[PDB]
>>> print(open('work36.cif').read())   # mmCIF, C-alpha atoms; chains and numbers go by the auth columns
data_model
#
loop_
_atom_site.group_PDB
_atom_site.id
_atom_site.type_symbol
_atom_site.label_atom_id
_atom_site.label_comp_id
_atom_site.label_asym_id
_atom_site.label_seq_id
_atom_site.Cartn_x
_atom_site.Cartn_y
_atom_site.Cartn_z
_atom_site.B_iso_or_equiv
_atom_site.auth_seq_id
_atom_site.auth_asym_id
ATOM 1 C CA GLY A 1 85.259 83.381 28.525 0.00 1 A
ATOM 2 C CA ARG A 2 83.045 85.449 26.185 0.00 2 A
ATOM 3 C CA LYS A 3 84.634 85.483 22.701 0.00 3 A
ATOM 4 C CA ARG A 4 87.777 83.454 23.530 0.00 4 A
ATOM 5 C CA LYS A 5 87.318 79.789 22.505 0.00 5 A
ATOM 6 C CA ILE A 6 83.784 79.560 21.047 0.00 6 A
ATOM 7 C CA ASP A 7 82.216 79.298 17.565 0.00 7 A
ATOM 8 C CA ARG A 8 79.516 81.640 16.190 0.00 8 A
ATOM 9 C CA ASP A 9 80.364 82.623 12.587 0.00 9 A
ATOM 10 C CA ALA A 10 79.622 79.029 11.464 0.00 10 A
ATOM 11 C CA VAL A 11 75.861 78.972 12.201 0.00 11 A
ATOM 12 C CA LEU A 12 75.742 82.767 11.704 0.00 12 A
ATOM 13 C CA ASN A 13 76.577 82.155 8.009 0.00 13 A
ATOM 14 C CA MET A 14 74.413 79.090 7.320 0.00 14 A
ATOM 15 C CA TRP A 15 71.344 81.149 8.405 0.00 15 A
ATOM 16 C CA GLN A 16 72.154 84.763 7.628 0.00 16 A
ATOM 17 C CA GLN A 17 72.985 83.870 3.981 0.00 17 A
ATOM 18 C CA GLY A 18 69.572 82.333 3.120 0.00 18 A
ATOM 19 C CA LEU A 19 69.169 78.599 3.871 0.00 19 A
ATOM 20 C CA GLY A 20 66.584 76.205 5.334 0.00 20 A
ATOM 21 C CA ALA A 21 66.985 73.134 7.649 0.00 21 A
ATOM 22 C CA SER A 22 68.180 70.599 5.009 0.00 22 A
ATOM 23 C CA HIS A 23 69.976 73.117 2.753 0.00 23 A
ATOM 24 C CA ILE A 24 71.616 74.594 5.908 0.00 24 A
ATOM 25 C CA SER A 25 73.082 71.199 6.911 0.00 25 A
ATOM 26 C CA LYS A 26 74.573 70.542 3.445 0.00 26 A
ATOM 27 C CA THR A 27 76.257 73.971 3.713 0.00 27 A
ATOM 28 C CA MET A 28 77.743 73.382 7.198 0.00 28 A
ATOM 29 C CA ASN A 29 78.460 70.161 9.159 0.00 29 A
ATOM 30 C CA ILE A 30 75.232 69.474 11.171 0.00 30 A
ATOM 31 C CA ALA A 31 71.698 68.100 10.569 0.00 31 A
ATOM 32 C CA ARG A 32 68.724 70.504 10.428 0.00 32 A
ATOM 33 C CA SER A 33 67.180 69.578 13.815 0.00 33 A
ATOM 34 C CA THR A 34 70.666 69.741 15.388 0.00 34 A
ATOM 35 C CA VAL A 35 71.008 73.166 13.779 0.00 35 A
ATOM 36 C CA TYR A 36 67.842 74.270 15.615 0.00 36 A
ATOM 37 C CA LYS A 37 69.421 73.156 18.893 0.00 37 A
ATOM 38 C CA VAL A 38 71.634 76.181 18.162 0.00 38 A
ATOM 39 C CA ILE A 39 68.987 78.617 16.785 0.00 39 A
ATOM 40 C CA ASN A 40 66.958 77.957 19.920 0.00 40 A
ATOM 41 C CA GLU A 41 69.921 78.694 22.226 0.00 41 A
ATOM 42 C CA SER A 42 70.220 82.145 20.578 0.00 42 A
ATOM 43 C CA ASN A 43 73.870 82.191 21.739 0.00 43 A
#
>>> encode(input="work36.cif", output="structure tokens")
Amino acid sequence: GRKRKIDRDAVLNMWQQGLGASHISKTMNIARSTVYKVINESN
């Protein structure tokens, strides 16, 4: 599906609010390099 069962607002907030690798992880639930696994996907 497209927007049925998938996340997006989670990482969309940890980056679009003003964070950086380490500070982004403390705000959400994932390390900074793991976070870039997402940012790279551009999903």
>>> atom_distance(input="work36.cif", atom1="atom CA of residue A:26", atom2="atom CA of residue A:10")
12.7 Å
>>> atom_distance(input="work36.cif", atom1="atom CA of residue A:25", atom2="atom CA of residue A:42")
17.7 Å
>>> resolve_selection(input="work36.cif", expression="the PyMOL selection byres ((chain A and resi 14-24) around 12)", output="tab-separated table (two decimals) with C-alpha atoms, keeping the file's coordinate frame")
chain	number	residue	atom	x	y	z
A	8	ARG	CA	79.52	81.64	16.19
A	9	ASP	CA	80.36	82.62	12.59
A	10	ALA	CA	79.62	79.03	11.46
A	11	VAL	CA	75.86	78.97	12.20
A	12	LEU	CA	75.74	82.77	11.70
A	13	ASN	CA	76.58	82.16	8.01
A	25	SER	CA	73.08	71.20	6.91
A	26	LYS	CA	74.57	70.54	3.44
A	27	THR	CA	76.26	73.97	3.71
A	28	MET	CA	77.74	73.38	7.20
A	29	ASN	CA	78.46	70.16	9.16
A	30	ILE	CA	75.23	69.47	11.17
A	31	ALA	CA	71.70	68.10	10.57
A	32	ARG	CA	68.72	70.50	10.43
A	33	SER	CA	67.18	69.58	13.82
A	34	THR	CA	70.67	69.74	15.39
A	35	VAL	CA	71.01	73.17	13.78
A	36	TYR	CA	67.84	74.27	15.62
A	37	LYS	CA	69.42	73.16	18.89
A	38	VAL	CA	71.63	76.18	18.16
A	39	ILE	CA	68.99	78.62	16.78
